[PDB]
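Peer 1:
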Amino acid sequence: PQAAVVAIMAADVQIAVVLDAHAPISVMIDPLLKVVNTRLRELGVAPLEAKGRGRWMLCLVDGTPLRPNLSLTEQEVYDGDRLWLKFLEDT
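Okay, so the sequence shown: first residue is 17 according to the authors' numbering, each after it adds one.
1) Nearest by alpha-carbon distance to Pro-40: which of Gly-79, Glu-92 and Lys-50 is it?
2) Using the beta-carbon count (16 or more within 10 Å), is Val-22 buried or exposed?
3) Ends of the alpha helix (DSSP H) at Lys-102?
4) Quick one: using the 10 Å Cβ neighbour count with 16 as the cut-off for buried, is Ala-66 buried or exposed?
5) Looking at the structure shown, is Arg-71 part of a helix, part of a strand, or coil, going by DSSP?
6) Assign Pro-63 to one of three DSSP states: helix, strand, or coil.
7) Quick one: residues in its chain with C-beta nearer than 7 Å to the C-beta of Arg-57, no 5 flanking neighbours on either side, listed in chain order?
8) Of the residues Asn-85, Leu-86 and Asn-53, which one's Cα is nearest the Cα of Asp-28?
Below, the structure is given as C-alpha cells:
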C-alpha cells in the first residue's frame, strides 16, 4: 500500500505521521484528531475540541482546506508536506 509521511501542526505542536496516500481525507480526519489528541495529552497540552458546531479540516499554510473526497496523492500532498488541523466554527 502507498504511504505519505506528513507533518501535522496542531496547537503549535508538530506531529509526524504515516498516512495512507490513497484514502479520501474524509475517512482520515476524525481518526487523525484522535491520534493528535493522544500526542497532545502526553505533552500535557489541552486536547483540540469543537468550539460549538462546525468542521475539522486539514489546511495548507494559506488556510486552504484539503477536499474531503480526494486523497493526499490526488491533492499533491507528498512526503515531508505540512498540514494544519483546524476547526471551522459554524456561526
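Even for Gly, the Cβ is constructed at its ideal location relative to N, Cα and C.
Peer 2: So, to answer that:
1) Selected option, being the one with the closest Cα: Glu-92.
2) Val-22 is classed as buried because its beta carbon has at least 16 other beta carbons within 10 Å across all chains shown.
3) Unbroken run through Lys-102 is the beta strand (DSSP E), 98–105; no alpha helix (DSSP H).
4) By the neighbour-count criterion, in which a residue is buried when 16 or more other Cβ atoms sit within 10 angstroms of its Cβ, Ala-66 is exposed.
5) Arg-71 sits in a strand when the DSSP states are folded into three classes.
6) Correct three-state label for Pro-63: coil.
7) The residues are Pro-63.
8) When only C-alpha atoms are compared, the closest one is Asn-53.
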